[PDB]
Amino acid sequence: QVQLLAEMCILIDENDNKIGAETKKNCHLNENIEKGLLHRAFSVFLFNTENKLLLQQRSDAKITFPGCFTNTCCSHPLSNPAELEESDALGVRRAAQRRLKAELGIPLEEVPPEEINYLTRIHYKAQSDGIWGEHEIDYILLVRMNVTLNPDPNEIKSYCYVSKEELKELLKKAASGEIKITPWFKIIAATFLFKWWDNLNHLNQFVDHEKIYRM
């Protein structure tokens, strides 16, 4: 069940400069996060062609945030030449295509890197339990397209396309404890998500490849 070699994450400084690599496990231990260990990540927000946002629910088997709802795909570029590539954020866009297939079963041809749009970067920290957490500079990637979903149940328990109002209702259910959402998704929904969603045809104003936002 466990792979022979551990997956590697890209270690970065607070300015998103590559400074090394560490195992996925080590990158997500609270004890290391508290020493400042920070890694590169991405977060895909995919909208269908009626502007419904695609949410995933993480499988109960995931190490961090099992069973939690979040946006379309939250994962990491690998520490290899393909995904280390920083020109036009190609590395993270390639990573996103890779994980859209692995997690949601979306064929590669449906989401080529060229159609994955890099908006901005957000630096955040979160805790999952007593052992595990998150600490990332997260590339925000936006997609609007109809895709064919066949998730790997080992990765994804369910998915849901939500309108703005449906999301608002879902967040109410999370607040009452009826369902679980990741700390990332909670904070992004509270800060930027609806601003982007109200402006899907005018996103250029939100493109910022210089400033790294903090939340």
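Numbering starts at 1 and follows the sequence shown.
- Relative to one another, 111 to 119 and 136 to 144 have unequal mean CA B-factors, and 111 to 119 is the one with the higher figure.
- Taking the mean C-alpha B-factor of each stretch as recorded, 150 to 158 and 172 to 180 are not equal, and the higher mean is that of 172 to 180.
- Residue 28 sits in the middle third of its chain by CA B factor, as recorded in the PDB entry.
- When all modelled residues of the chain are sorted by CA temperature factor, residue 61 is found within the highest third.
- Among all modelled residues in this chain, the alpha-carbon of residue 35 has a temperature factor (C-alpha) in the highest third.
- Annotation for residue 55: CA B-factor lies in the lowest third of the chain's modelled residues.
- Sorting the modelled residues of the chain by their CA temperature factor places residue 41 in the lowest third.
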